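Quick heads-up: it's one chain on its own, the form deposited in one PDB entry, in C-alpha cells.
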C-alpha cells in the first residue's frame, strides 16, 4: 500500500493512492504545526492549478513538449476543479515563500500527468516536477501569483455576491419601512424623529460603500508576480513569459489579471493583501454597527427597545421557556471581530519583508481568504435568516416616538429653545405630556401645539 521514494536525507514510504512525492512527505515530517485544520486553504491549491495550467500552455512557446504540456494542463485542471484536494496535506506554517506547497503542486501534477501518459508514479518520467511542471518558475513568483488569483476569485465569487444580497435586502426593508416614524437615539438618549426607512438607508449606504471599498482595493490584486523568478530579475525565464502567463490566467478566469509592472515590489512585499484586508476591516466596522443596531432594536420583547421583530429560526430556550435570541446578529458581530484580528495578522506579516522576498506569504493569504469567506457567508446567512424576515412593531414604535420629550425641538423656531427646555424639564418632572405642560406653562394654545408639533413635518429641512 506504499511505494518508496528517496531524498538526500533517506527513503520515504509514499501511499500508492497519493499523487504527492518525497518532497511532500518530507514536508509533513518537518512542519507538524497545528492539525489538518491548518492545511493550506483550498483556494490557494485551486489557484496553483490555474497557474500551472497557464504556465504549461505558455511554455510550449519556449520548448516544452506539447504531449507533456497537454498532460500537465489536464492534471492542473483537475487541481483547479478541486478533484485532488486530498493530495495536499501541508500546513500554512511552512516556508514563508510557500515553497513546500509549490513542490506539493509540482509533484501531484507530475504524477497525475505521468498516470495519464501510462507511466510509473514516483518515476518523474516522462513529466518531471521541476524540469516540466515548474519550468520558467520559482516559488517566489508562483506563490504570490496563486495568492492574488485565490484572493480575486474569493472576492468576486463569495465576498461581493454576499454583500450584494445584504445591500438588496436592506434596501427592500428601507422602502418597506419608509412611512414608519420612529424616535432617533443619539448617545442612546431619546432624540428627534426619523423614518425606520431612513435609519435602514444608512445601513444600505454602508454596505454599498463596503462593496466600493473592496472594488477600490482590487486593482493591485490583479497584478501577478509570475515572471520575477528568484529575486524579480526574471533570471532563467524567457521574454514575454510574464505577459503571456498573466493574459492566459485572465482568459481562464475572466478577471482582468495583468503582469506586475515592478516584480521587485511584487516579491519583496504583499502591500495589496494589506490593502484588501484593510477594505474588509472597514466592511467589518460597517457590519458590526448594522448587526449590533438590529440586535438592540429587536431587544425585549417587553424590557428592551422592541422596535423590530426578528425572524425566529430556532426553537426557544428550555431553561427560559420560549426565549428567542438574535443569533444571526451574534454570528455576524463575531465574524466582524475575527476580521479585525485577521487584519492585524496580515499587517504584521506585510510589514516584515526582508530585501528581495517577503516570507510571511502563507500566513497573509490564509488571513485574507478567512476574512473574505467569513464576510461573504455571514452576509448571505444574515440576509436570508434575519434581514428579509424583519418586521416593524408599529404599535410600540409609535408609542416610543410620541412619548419622546425631544419632540419639543419642533417648538425651537416658534417659542425659542429656553421655553422649549422648560416644557421638557417640567413634563419630565411631572410625568406629564408635552402638550398639556406647554398649555399649563402658557407658552402656546392646544391648537398651536397640534399645528407646530407633527412628527410627519420633522423628517426634512424646511
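Each form is matched to the other, and the largest set of C-alpha atoms that superpose within 1.5 Å is called the rigid core. Numbering follows the first chain given and starts at 1.
| query | Taking the other compared entries of this protein, do a third or more of them lack coordinates for residue 5? | reply | No: coordinates for residue 5 present in every compared entry.
| said: Would you say residue 399 is commonly dropped, meaning unmodelled in a third or more of the other compared entries that have residues on each side of it? | reply: Per the records, residue 399 is modelled in all the other entries.
| request: Determine, for stretches 266-274 and 121-129, which one has the higher mean CA B-factor as deposited. | output: Mean CA B-factor is higher for 121-129.
| Given 32-40 and 427-435, the range whose Cα B-factors average higher in the PDB entry | For C-alpha atoms only, the mean B-factor is higher in 427-435.
| query | Among 73, 335, 230, 291, where is the Cα temperature factor highest, going by the PDB entry? | reply | Comparing C-alpha B-factors across 73, 335, 230, 291, the top value belongs to 73.
| query | If you check the C-alpha B-factor for each of 370, 323, 187, 156 in the entry, which is highest? | reply | Of 370, 323, 187, 156, 323 has the highest C-alpha B-factor.
| query | Is the Cα B-factor recorded for residue 295 in the lowest, middle or highest third of its chain? | reply | Middle third, going by the recorded CA B-factors of the chain.
| task | Grab the CA temperature factor for residue 316 from the record and place it in the lowest, middle or highest third of its chain. | result | Top third by C-alpha B-factor.
| Going by what the PDB entry lists, where does residue 182 fall on CA B-factor within its chain: lowest, middle or highest third? | Middle third of the chain for residue 182's C-alpha B-factor.
| request: Consider only the C-alpha atoms of the modelled residues in this chain, order them by B-factor as the entry records it, and name the third containing residue 385: lowest, middle or highest. | output: For residue 385, whose C-alpha B-factor we compare with every modelled residue in the chain, the answer is the middle third.
| Third of chain Cα B-factors occupied by residue 238 | It belongs to the highest third of the chain when residues are ordered by C-alpha B-factor.
The same protein also exists as the form deposited in another entry; that form is not shown, yet it is the one meant from here on.
| request: Please look at 28, 426, 42, 70 and say which one has a C-alpha shift reaching 2 Å or more between this form and the one not shown, core superposed. | output: Residue with a C-alpha shift of 2 Å or more: 426.
| message | Rigid core aligned, does the Cα position of residue 230 differ by 2 Å or more between this form and the one not shown? | response | Stays below the 2 Å threshold, so no.
| message | Taking 2 Å as the cut-off, check whether the CA of residue 321 shifts that much or more between this form and the one not shown after a rigid core fit. | response | For residue 321, whose C-alpha is compared between this form and the one not shown after core superposition, the shift is 2 Å or more.
| field | C-alpha of residue 12 moved at least 2 Å between this form and the one not shown on rigid core | value | Residue 12 C-alpha, core-superposed: shift of less than 2 Å.
| field | CA-CA separation of residue 174 and residue 323, closer or farther in that other deposited form than in the form shown [shift of 3 angstroms or more] | value | They are closer; the C-alpha distance drops by 3 Å or more in that other deposited form.
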